[PDB]
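Letter by letter, the chains look like this.
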Amino acid sequence: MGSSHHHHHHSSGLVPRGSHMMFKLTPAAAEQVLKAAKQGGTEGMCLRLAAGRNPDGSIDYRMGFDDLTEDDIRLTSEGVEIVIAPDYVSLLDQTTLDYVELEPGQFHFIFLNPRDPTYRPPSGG
């Protein structure tokens, strides 16, 4: 027994718990992922992230649909399910996924990670 008294002895989610990781999949990006799953093939597939970190430099992030692995770290966004393996999570936490076009007309999946500085001012400036 504890201080927090709930009728549900094990909450499934909603408020007490959420995702296994801090992964912000923006509702804007959600439509892009949903749109891809609307095209076909990737319909009943889970969204997976690939971390390709350059040896002491920058982590290059890739996104694609893969197989729903339960031994993989499952996340649930607004309307998309994410799988980030316990190996990739090592570099894929604190990932803020936004939906902006860095290039004209070219909508880029932009991973705003404070871990890998996309914009970093000098020290003491």
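Residues numbered from 1 in each chain as written, not as in the entry; some residues may be left out. Heavy atoms only, no water.

For the chain, the PDB entry supplies the name DsrR and the organism Allochromatium vinosum. For this structure, the PDB header gives the title as "Solution NMR Structure of Allochromatium vinosum DsrR: Northeast Structural Genomics Consortium Target OP5".

## Section: the overall build of the chain
Secondary structure summary: the chain contains two helices and seven strands in total. Element order for the chain, N to C, with α for helix and β for strand: β-α-β-β-β-β-α-β-β. Taken along the three principal axes of its C-alpha coordinates, the chain extends 50 × 45 × 25 Å. For the chain, buried positions account for 28% of its 125 residues. Summarising the internal contacts of the chain: among those between residues at least 6 apart in sequence, 48% fall at separations of at least 24. (Helix = DSSP H or I, 4+ residues; strand = E, 2+ residues; numbered from the N terminus. Buried < 20%, exposed > 50% of the residue type's maximum accessible area, 1.4 Å probe, protein only. Contact = heavy atoms within 4.5 Å.)

## Comments concerning the nonpolar core
Taken as a class, soluble globular proteins show a tendency for nonpolar side chains to be buried jointly. Among the nonpolar cores identified, the biggest contains 20 residues, and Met-21, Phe-23, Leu-25, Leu-75, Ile-82, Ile-84 and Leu-92 are the most heavily contacted of them. Non-local contacts of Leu-75, meaning those with residues more than four positions away in its chain, are made with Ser-19, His-20, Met-21, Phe-23, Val-80, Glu-81, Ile-82 and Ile-84. (Core = buried A, V, L, I, M, F, W, Y, C linked by side-chain atoms within 4.5 Å.)

## Description of the packing of aromatic side chains
Considering all chains together, one arrives at two aromatic pairs under this definition. Measuring from ring centre to ring centre gives 5.2 Å for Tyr-61 and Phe-111, while their planes differ by 35 degrees; the resulting arrangement is tilted. With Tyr-61 in strand β3 (residues 59-66) and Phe-111 in strand β7 (residues 106-112), the pair connects residues that are 50 residues apart, well separated along the chain. By relative accessible area, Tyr-61 is classed as buried at 15%. Accessibility expressed as a relative area gives 8% for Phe-111, which makes it buried. (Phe/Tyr/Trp six-rings, centres within 6.5 Å; stacked < 30°, edge-to-face > 60°.)

## With respect to the layout of surface pockets
Considered as a void within the structure, the largest pocket measures approximately 260 Å³ in volume. Sorting the residues of the lining of the largest pocket by element identifies β3 and β7 as the ones contributing at least two each. In terms of residue class, the lining of the largest pocket is made up of seven nonpolar, three polar and two charged. When its volume is computed, the second largest pocket comes out at roughly 160 Å³. In this structure, the second largest pocket is lined by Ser-12, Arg-17, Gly-18, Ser-19, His-20, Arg-74, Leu-75, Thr-76 and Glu-81. (1 Å grid on protein atoms, 1.4 Å probe; cavity = no way out; pocket = protein on both sides within 12 Å on 5 of 7 lines; lining within 4 Å. Points joined across faces, edges and corners; volume = space filled by probe spheres on them. Nonpolar A, V, L, I, M, F, W, Y, C, P; charged D, E, K, R; others polar.)

## A short note on the pairing of strand β2 (residues 46-53)
Remember that side chains alternate between the two faces of the sheet whenever the strand is regular. Two elements, β2 and β3, share eight bridges in a ladder whose sense is antiparallel. Across the sheet, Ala-51 pairs through a bridge with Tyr-61, a residue of β3. Where β2 lies against strand β5 (residues 81-83), two bridges are found, and the strand directions are parallel. Its bridge partner being in β5, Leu-47 is matched across the sheet by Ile-82. (Pairing = 2+ DSSP bridges.)

## Some thoughts on the UniProt feature "domain: Core" (unreviewed entry) in the chain
Using the residue numbers shown here, the UniProt feature "domain: Core" (unreviewed entry) corresponds to residues 23-101. For residues 23-101, the end-to-end C-alpha separation is 20 Å, with 22% helix and 41% strand making up the annotated structure. (UniProt positions renumbered as here; feature names shortened; annotations may be inferred.)

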